[PDB]
Structures are given as C-alpha cells and as structure tokens.
Amino acid sequence: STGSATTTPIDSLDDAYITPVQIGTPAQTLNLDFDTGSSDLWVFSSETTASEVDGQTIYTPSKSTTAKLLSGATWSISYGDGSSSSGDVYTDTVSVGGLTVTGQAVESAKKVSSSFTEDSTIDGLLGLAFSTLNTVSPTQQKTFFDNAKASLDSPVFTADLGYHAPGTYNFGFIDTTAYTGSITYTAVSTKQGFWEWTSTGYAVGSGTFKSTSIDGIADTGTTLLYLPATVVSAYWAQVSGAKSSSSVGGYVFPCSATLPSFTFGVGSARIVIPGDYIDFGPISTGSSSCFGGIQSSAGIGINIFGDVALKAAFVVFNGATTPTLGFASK
Ligand SMILES: C#CCN(C)Cc1nc(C2(O)CCNCC2)cs1
C-alpha cells in the first residue's frame, strides 16, 4: 500500500505545516502537524478542557463507530519550546492520503498549553519519530508509520516541504519526479529515539565549505535550523547589522538586508538553503528588525535540522531494519 497527502503552511512564514488526517468512522478530518521529532499522535477532542479550545476542529470518539477506549492508558508530553499536552487514549481507524491504519492509538487531549490553544490552525500532532519515544503509559503505543510499515510497498516515508507553498508527505514509495539529481543516504542513530544523523559540514553563501561533523536530528515539527554557536556566528557575521538579542531570544537582522545562502553537507553531497528561506520577518508588526531562521542550539542540548533546512530538500525517512536518511536537491 501507499499514501500521499498534501501539507500546507499554517501562515505566511511557514511556522508549521498541517496535513489533513481522517480519523474514525464516518471520517472526522483533522489537520495535524506531522512531526518527525516526536512519536505521539494526539488531537484536540470532545474531552479537551473547553477554555483551552479556540477554533480547532475536535475529534469526538463517541461519534465514531470504530473508536474504542484504550482502557487505563494515559499520555503526557512536553516539547522543546515548553509547550505540552496530556489526556487519555482511544484506538481508531486513521487514514493519511489514502493509507489506512486500523487500531491506531489516538491520544485524546484533556489538557493543552496556551501555545496550542492560540494556534487555531493545528488540531493535533502526528508523530513520526521512533516509537520508543511514545509517551503512552503503561503500554507504549506505535506511531502511525510503525503500524503502517508492514503493509507499505516500501518501509519509507518522504517529506517534501514547500517554501511559502504546499508540499507533500508520501508513504511507502519514493517519487522520483519530485527531486533533481540523486538521493544521498546517510546513517541514522536511533539511540535517542530521533532521526539522528551527522552532517559533514557547512558553507556560508559563496564561502568555502567547512568540513566538520555536526550531529543533529531531522525534525519537521521544528520551524528553524538550530546549529552550534560557532556555525551560527559565522553565518550572521556575513549580514551587516545582525546580532543576537537576549530580549528577542535569538539572532535578529535588519529587514533591509539581503541574506546569504547556507549550505549543509550530506556525505559528499550539498544541500543549499536559499537566503530567503532564512528570513522570518519582522519580530513584531511593522518592526525593522527581522528574526533569523538560523539560530544557536546552545541552550537545547541538540542540533535540530528543522523546516528551514528540510524544505530545501527532498527527504527520505527510511525505516528499514537499519534506518537511514536520504537527501536530494529539488
Ligand atoms: C534531547 C533533548 C533536548 N530537548 C528537551 C529539546 C528538544 N525538543 C525537541 C522537539 O520537542 C521539538 C519539536 N518537535 C519534536 C521534538 C526535540 S529535542
């Protein structure tokens, strides 16, 4: 089997991407944030505290003839940005772009943090990291991909995010028309539960390539690119007036600037992030200071190849017995 679904930026800055997902019988369609950096599928629901729902579409298990309470199971998650949610669990039928999984754990939110409430476009998350990170207790649950894997034509999914434009998540096949040149595959460590890999280095604009190993995770659920302070300082030093601001919480730059590209290494291959991708606009409406798309990972404990990097490539998440990650230009 295969699946193919379009993913769409939630705003003009590509802060996140939503993908329609069919849950239950008859289908309830929710727009979920596909997140290769976590492993819970959770949704706003009829059980979510009323004061914490503001515009989201909710899942109502009582209206689904295939919904079954997973008795005694609970979940609680907190993400890198400090946001969080928790609740209980149902199993139900879940379909993504024509691909159907029966008995999928659907984690129903009883509580969500303010940042989720304030984001009316995101009805939940669909985690695509390794199932060892799933937070359901006392019986850990499998991701949508983990459950679907045996039925897929090939045990893979691909992320093809657009720059200020829709993109595609495919399951079970590699669309050879969706990229240029060849796909370079690189080793993955699952020891932390992430799609963790090691980049071979970087370049700033037209500068010489610096060979240096940068361990990080491929995370569609993170907006920006987070790299070691040395690398990030080298990038912003090429932008007149750019500086790190503690009050804003990262590197800002003059909105009048033209940003240089940023290249990262995948084995012997190179992925180029256009300068425009690194511009996240005025820090506040009307401001002449703009927020940078490349930021320091120093206060995170891990480097994160988020959407800024990933949208510059066609990315293959290979969930074979020995998982690997593939990158192609597009
Ligand atoms: C490990 C480590 C340090 N972490 C507390 C910081 C991290 N945060 C994350 C995410 O929550 C970011 C959003 N997508 C899902 C993953 C991964 S690593």
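Before any of the text, the structure's been laid out above.
## Describing helix α3 (residues 229–236)
Listed as buried for α3 are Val 231, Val 232, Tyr 235 and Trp 236. Angularly, the buried residues of α3 cover 125° about the axis, an arc narrow enough to put them on a single face.

## A closer look at the side chain of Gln 28
Here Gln 28 lies in strand β3 (residues 28–35). Setting aside anything within four residues of it in sequence, one finds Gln 28 in contact with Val 21, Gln 22, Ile 23, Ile 58, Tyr 59, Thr 60, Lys 63 and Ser 64.

## Quick notes on the sheet that holds strand β19 (residues 279–282)
Pairing in this open sheet of four strands is antiparallel, and the strands run β15-β16-β20-β19 from one edge to the other. Sheet topology places β15 (243–245) and β19 at the edges, where each strand pairs with a single neighbour. With direction set aside, neighbouring strand axes in the sheet form an average angle of 40°. Relative to strand β20 (residues 289–292), β19 is paired through two bridges, and the arrangement is antiparallel. Across the sheet, the residue bridging to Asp 279 is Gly 292, located in β20.

Conventions and cut-offs
- Sequence order sets the numbers: each chain starts from 1, possibly unlike the entry numbering, and residues with no coordinates are not included.
- Computation of side-chain values covers all heavy atoms of the structure but excludes hydrogens and water.
- Residues with missing side-chain atoms are left out of burial classes, side-chain pairs and their counts.
- Categorising residues by exposure relies on relative accessible area from a 1.4 Å probe, with only protein chains included: less than 20% of the type maximum marks a residue as buried, more than 50% marks it as exposed, and the intermediate range marks it as partly exposed.
- Counting from the N terminus, the helices are DSSP H or I runs at least four residues long and the strands are E runs at least two residues long.
- The directions considered for the arc run from the helix axis to the C-beta atoms.
- Throughout, a contact is declared for two residues whenever any of their heavy atoms are within 4.5 Å.
- One bridge is not enough; two strands pair if DSSP finds at least two bridges between them.
- Between N-to-C directions, angles cover 0 to 180 degrees, with each direction set by a line fitted to C-alpha atoms, over the stretch in contact for helices.

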